[PDB]
Amino acid sequence: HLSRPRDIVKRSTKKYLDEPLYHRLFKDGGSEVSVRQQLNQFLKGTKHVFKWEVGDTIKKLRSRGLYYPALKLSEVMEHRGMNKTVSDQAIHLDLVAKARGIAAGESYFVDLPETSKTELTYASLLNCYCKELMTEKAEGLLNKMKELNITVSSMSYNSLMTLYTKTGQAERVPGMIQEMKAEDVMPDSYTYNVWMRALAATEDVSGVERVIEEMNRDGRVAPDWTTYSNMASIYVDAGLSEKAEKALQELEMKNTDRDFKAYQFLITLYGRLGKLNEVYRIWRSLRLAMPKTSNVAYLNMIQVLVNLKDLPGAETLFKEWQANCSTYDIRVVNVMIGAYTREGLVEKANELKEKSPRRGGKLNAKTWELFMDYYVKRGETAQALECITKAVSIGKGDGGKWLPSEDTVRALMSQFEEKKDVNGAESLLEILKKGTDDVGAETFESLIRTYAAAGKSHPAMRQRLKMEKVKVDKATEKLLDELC
RNA sequence: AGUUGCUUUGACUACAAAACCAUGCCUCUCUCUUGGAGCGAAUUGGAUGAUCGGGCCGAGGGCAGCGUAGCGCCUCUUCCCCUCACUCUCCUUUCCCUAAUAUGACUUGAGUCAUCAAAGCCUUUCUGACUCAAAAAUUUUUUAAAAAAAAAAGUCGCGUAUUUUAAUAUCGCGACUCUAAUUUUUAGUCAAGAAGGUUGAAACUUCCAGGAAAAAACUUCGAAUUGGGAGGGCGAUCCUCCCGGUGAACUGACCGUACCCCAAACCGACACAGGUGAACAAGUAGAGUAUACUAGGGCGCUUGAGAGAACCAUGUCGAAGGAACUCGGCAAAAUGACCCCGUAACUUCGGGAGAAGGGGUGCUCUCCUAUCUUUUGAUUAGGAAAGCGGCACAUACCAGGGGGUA
RNA sequence: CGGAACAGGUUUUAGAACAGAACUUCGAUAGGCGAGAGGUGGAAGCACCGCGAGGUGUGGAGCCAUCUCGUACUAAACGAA
Ligand SMILES: [K+]
Ligand SMILES: [Mg+2]
Ligand SMILES: [Mg+2]
Ligand SMILES: [Mg+2]
Ligand SMILES: [Mg+2]
Ligand SMILES: [Mg+2]
Ligand SMILES: [Mg+2]
Ligand SMILES: [Mg+2]
Ligand SMILES: [Mg+2]
Ligand SMILES: [Mg+2]
Ligand SMILES: [Mg+2]
Ligand SMILES: [Mg+2]
Ligand SMILES: [Mg+2]
Ligand SMILES: [Mg+2]
Ligand SMILES: [Mg+2]
Ligand SMILES: [Mg+2]
Ligand SMILES: [Mg+2]
Ligand SMILES: [Mg+2]
Ligand SMILES: [Mg+2]
Ligand SMILES: [Mg+2]
Ligand SMILES: [Mg+2]
Ligand SMILES: [Mg+2]
Ligand SMILES: [Mg+2]
Ligand SMILES: [Mg+2]
């Protein structure tokens, strides 16, 4: 056709790729390593691509959080001769801020030419400010835009409102919506969504009934399932049930594209309400919308079923996931691991722990956290020590460090008080020392008295000055300076 | 000296949606590519009930031929297939509607904008996965010891009976497919990044005339300053080994740098048509750095206004003749490019030879060939065949006159 | 002939400068404008035929170095000099 001459089916195979780039980069999987390997193999080749092909590739790589390969492809293909326009420069600015940080994004914006510093680049930098929560520089961009008469779109106002909601100054939203209505700016559905969220955050449930009637009066915005998701979340957190069911049934009517996240929202909202029959009603629709169901829907479903106490249904779902799983997801195991430790059927939890790494799932930290929860409920402390050591050795799955909860630490130390396990208390303190540099809220401030078994340590209040100036209760130093 | 490399390579598609509350352990743990649940229809279905019609099997008495068993004719309705109502829960063929199919809705009219070390190699170094080396772990066999090995699941098939009804399981078997683990340290492979250096900046073949020097620079070894450790030491800060040994948010002094540089600034008495190394130098035509025209960059040459005599310099053209001119074809004219046909006397066999003498050359359409086409169902080069225009198709510029004989 | 002849301006059959000859506003001397002769050879636009290079018609068409005729519009006595 004359509309689209650069067709991807009829194009030459000697010059161009045999399959589209957004199909080629995802051949070996969606993993970071496989995407990087595919990009490295492609950039060394002698086959070429289209500009719209690279644009859709950038959007697909951005849509799954793959920011480094998207930035690398954009930089290399611009270096090879593909000229960025203003829109492509806005997308590249957002990609730079996503990958190398806002300090790199600011330098890219400065090094941009002057005729490229238009409303698209300004709005992209504003969004990259609000997503990184820098209120002062945000407002410094805002008054500069208002001074230079750059057209402020609804996207910028929604970005500021989401920034206000996340920072905690959520009372500014009702002033700002009337500001953007006074400045002749029509809103979108996300404007009503953040307005509703700020109104519910202001402890005002009765205000969300006058906004829905106003957008019904407007007649210009299309209501979407995200609106009803916000209504369902606000009502379920507020305890109202029938209005939440009406919102969720309207949500089910609005989900015409069979969205996986929307189905997850139905499942978790009906699970938090507690209605098992309609939970299974949406679940059968989910199995009718995707036969090869991913592990995320199982992760939601089995957690909902065990929070609604359907344990043999969860056990049959486990066998279904076993017989149809391609990746042995450890979180699926770890849901019923914590289930079997909470209801105490510990032999089957131990069997799953043994059989997971053979089938191909290595243990993360939360399984050991649930087992030390089990051991701190049943009073065995040595096995809680053996669990917390392996938990801090594994650490977090995103590169963080695992730290035990304050309530569990407090209960474990109260258990240490009775048995006079000074060695156990010292090992727990050493573990917390390795975990964190601070180590103290209630950890040892009133907990010198575990030394009241036989003698005490040497330093006499000088060790307690070492760990960054802690302060103890007034009724704690008396048995300390009695024993000197 | 000759070949091969150094010789640039791409995009043009118009696109801010990257701002999200739920569960949250890195919540898409890895989704590239799936028709619809339309209250939508037509043939078909049918989870249903009879009537009418047609059509088997069969049931008896018999007319009929035996000691049981018969061949045609004669009274029957079950049973099947239609038919008329109810009818949407499984199945076949279609049609409408929706979704999906990558965004949105003349100036490459022969251009604009980027790129201008790619590809290798060698030292480190951060982080992942795999093979593991080997040990501790559990089963069998052999005599507490020594040898080999699986652990976890799905699927097909066989024979056989336990419930208070989650019997899709249990009982023994045979086979296929799939995954790699509980603890420990070392190597090695890859993968993905960050620092340096180095090559590309030259390789190969042939030839005879046989193609600089240098404890300067570099690689190696030796010895080693003002450093830190390990074993001796009736000593004296001495012996014997190991590590470091020019390393860095140290430091890098001194001289030149203006301007002209085929020129009005240098060598020629002149602001002199002369002389003055090498490197770079877009486009169209072209074998080409020839030649014509041109953008960028630079310049308009430090005397002008008229008139358009003789004569002089320098060009264009010239009837008929064509060297009759003159010391002499002096000068001028003429030939001139690529492809094809053809090419003598003589000879030291290498040559003469581009001998001499001829023919074609533009443009359009259609075929065929290939171009080692990085947009292959149409773009470039060649050849065939048919046409079109003019006086002229090497149309301007560039560009051998030839032969005979001393 | 006696405010005569010159000079100045527009030119030319004349011409190196000079000189000669024509005209100098009650004036066709030069330019312009219009018409014709002469030269070249069939414009542009439109239409028809052909895939195309191209061909045919409107049409001895279009154009202008010169020459002649008509005409004071411009410059020559716009010298109220
Ligand atoms: K120069
Ligand atoms: Mg030396
Ligand atoms: Mg200079
Ligand atoms: Mg001079
Ligand atoms: Mg001069
Ligand atoms: Mg000179
Ligand atoms: Mg030249
Ligand atoms: Mg110029
Ligand atoms: Mg002359
Ligand atoms: Mg003549
Ligand atoms: Mg002649
Ligand atoms: Mg002749
Ligand atoms: Mg004579
Ligand atoms: Mg003679
Ligand atoms: Mg003579
Ligand atoms: Mg001559
Ligand atoms: Mg000549
Ligand atoms: Mg041809
Ligand atoms: Mg030429
Ligand atoms: Mg007079
Ligand atoms: Mg005169
Ligand atoms: Mg006249
Ligand atoms: Mg005539
Ligand atoms: Mg003409």
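The paragraphs below set out a description of the structure included in this document.

Quick notes on the rules
- Residues numbered from 1 in each chain as written, not as in the entry; some residues may be left out.
- Chains lettered and ligands numbered in written order.
- Part of a larger assembly, values for the part shown.
- Heavy atoms only, no water.
- Helix = DSSP H or I, 4+ residues; strand = E, 2+ residues; numbered from the N terminus.
- Contact = heavy atoms within 4.5 Å.
- Areas by Shrake-Rupley, 256 points an atom, 1.4 Å probe, with all protein chains shown as cover.
- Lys, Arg positive; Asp, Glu negative; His and termini not counted.
- Charge placed at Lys NZ, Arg CZ, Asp CG, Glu CD.
- Buried < 20%, exposed > 50% of the residue type's maximum accessible area, 1.4 Å probe, protein only.
- Near = heavy atom within 4 Å.
- Polar contact = N/O pair within 3.5 Å; in protein donor to acceptor, adjacent residues only side chain to side chain.
- Nonpolar A, V, L, I, M, F, W, Y, C, P; charged D, E, K, R; others polar.
- Expected span 1.5 Å × (residues − 1).
- Salt bridge = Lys/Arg side-chain N within 4 Å of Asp/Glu carboxyl O.
- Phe/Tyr/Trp six-rings, centres within 6.5 Å; stacked < 30°, edge-to-face > 60°.
- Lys NZ or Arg CZ within 6 Å of the ring centre and 35° of its normal.
- Axes fitted to C-alpha atoms, helices over the stretch in contact; angles between N-to-C directions.
- Parallel < 35°, antiparallel > 145°, perpendicular 65-115°, else oblique.
- Left-handed = near helix turned anticlockwise from the far one by under 90°.

1. Focus: the overall build of chain A
Per the secondary structure count, chain A includes 25 helices and 0 strands. For the C-alpha atoms alone, the extent of chain A along its principal axes is close to 90 × 55 × 55 Å. Considering only contacts within chain A whose residues lie at least 6 apart along the sequence, 61% involve residues at least 24 apart. For chain A, the accessible area works out to roughly 28600 Å², and carbon and sulfur atoms hold 51% of it. Of the charged side chains in chain A, 74 are positive and 68 negative, and the gap between their average positions amounts to 6 Å.

2. Brief notes about the side chain of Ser 154
Counting through the fold element by element, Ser 154 comes out in helix α9 (residues 154-167). The class of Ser 154 is buried, set by a relative accessible area of 19%. Among residues more than four places away in sequence, those in contact with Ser 154 are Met 180, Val 185, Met 186 and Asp 188.

3. Some details on the protein's contact with RNA strand B
Neighbouring RNA strand B are 88 residues, the closest being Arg 36, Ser 153, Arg 197, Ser 285 and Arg 358. At the protein interface, 50% of the atoms of RNA strand B within 4 Å belong to sugar or phosphate. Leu 288 has a polar backbone atom sitting 3.2 Å from a base nitrogen of RNA strand B. Its residues placed into classes, the surface near RNA strand B shows 24 nonpolar, 33 polar and 31 charged.

4. Some thoughts on helix α20 (residues 346-359)
Here α20 is 14 residues long and its end C-alpha atoms lie 20 Å apart, about the 20 Å a rise of 1.5 Å per residue gives. Check the buried side of α20 and you find it contacts α18 (311-324), α19 (330-342) and α21 (365-378). A positive backbone phi angle near 130° is found at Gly 360, which sits one or two residues after α20.

5. Considering the pattern of salt bridges
Applying the stated criterion across every chain, the model contains 16 salt bridges. The salt bridge partner of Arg 217 is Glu 214, with a shortest N-O separation of 3.5 Å. Here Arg 217 pairs with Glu 214, and both are found in helix α12 (residues 209-218), just 3 residues apart, close to one helical turn. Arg 217 gets classed as exposed once you look at its relative accessible area, which sits at 61%.

6. Describing unusual backbone geometry
One non-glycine residue, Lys 309, adopts positive backbone phi at about 65°. With respect to the helices, strands and loops of the structure, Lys 309 is situated in the loop between α17 (295-307) and α18. The exposed category is assigned to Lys 309, whose relative accessible area is 59%. The phi dihedral of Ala 460 is positive, around 60°, even though this residue is not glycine. When its relative accessible area of 34% is taken as the criterion, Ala 460 is described as partly exposed.

7. Here we look at the side chain of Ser 116
For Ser 116, the location among the structural elements is in the loop between α6 (102-111) and α7 (119-130). Residue class for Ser 116 comes out buried when judged on its relative accessible area of 8%. Non-local contacts of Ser 116, meaning those with residues more than four positions away in its chain, are made with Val 86, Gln 89 and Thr 121.

8. Quick notes on the packing of aromatic side chains
Applying the stated rule across the entire model yields 8 aromatic pairs. Aromatic pair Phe 109 and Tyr 122: ring centres 5.5 Å apart, planes at 75°, arrangement edge-to-face. One end of the pair, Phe 109, is in helix α6; the other, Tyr 122, is in helix α7, and 13 residues separate them in sequence. Overall, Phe 109 belongs to the buried group, its relative accessible area being 12%. Ring geometry for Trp 225 versus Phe 265: centroids 5.6 Å apart, planes at 75°, classification edge-to-face. Here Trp 225 is found in helix α13 (residues 225-238), whereas its partner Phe 265 is found in helix α15 (residues 260-273), with 40 residues between them in sequence. For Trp 225, a relative accessible area of 18% translates into the label buried. Taking the ring centre of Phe 26 as reference, the NZ or CZ of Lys 60 above it sits at 4.5 Å. One residue, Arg 172, lies across the ring of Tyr 164, its end atom 5.2 Å from the ring centre.

9. As for the environment of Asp 398
By the element assignment, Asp 398 lies in the loop between α22 (382-394) and α23 (406-419). Along the sequence, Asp 398 and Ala 222 sit 176 residues apart, while their C-alpha atoms lie 38 Å from each other. One polar contact links the side chain of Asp 398 to the main-chain amide nitrogen of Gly 400, over a distance of 3.3 Å.

10. Focus: the packing of helix α4 (residues 67-79) against helix α5 (residues 86-99)
With their axes 9 Å apart at the nearest point, α4 and α5 run at an angle of 135° to one another. With respect to α5, the element α4 is oriented oblique. Considering only the axes of α4 and α5, their crossing is left-handed. On the side of α4, the interface is formed by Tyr 67, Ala 70, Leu 71, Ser 74 and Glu 75, while α5 contributes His 92, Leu 95, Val 96, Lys 98 and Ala 99.

In short, shape yes, function no, at least from these values alone.
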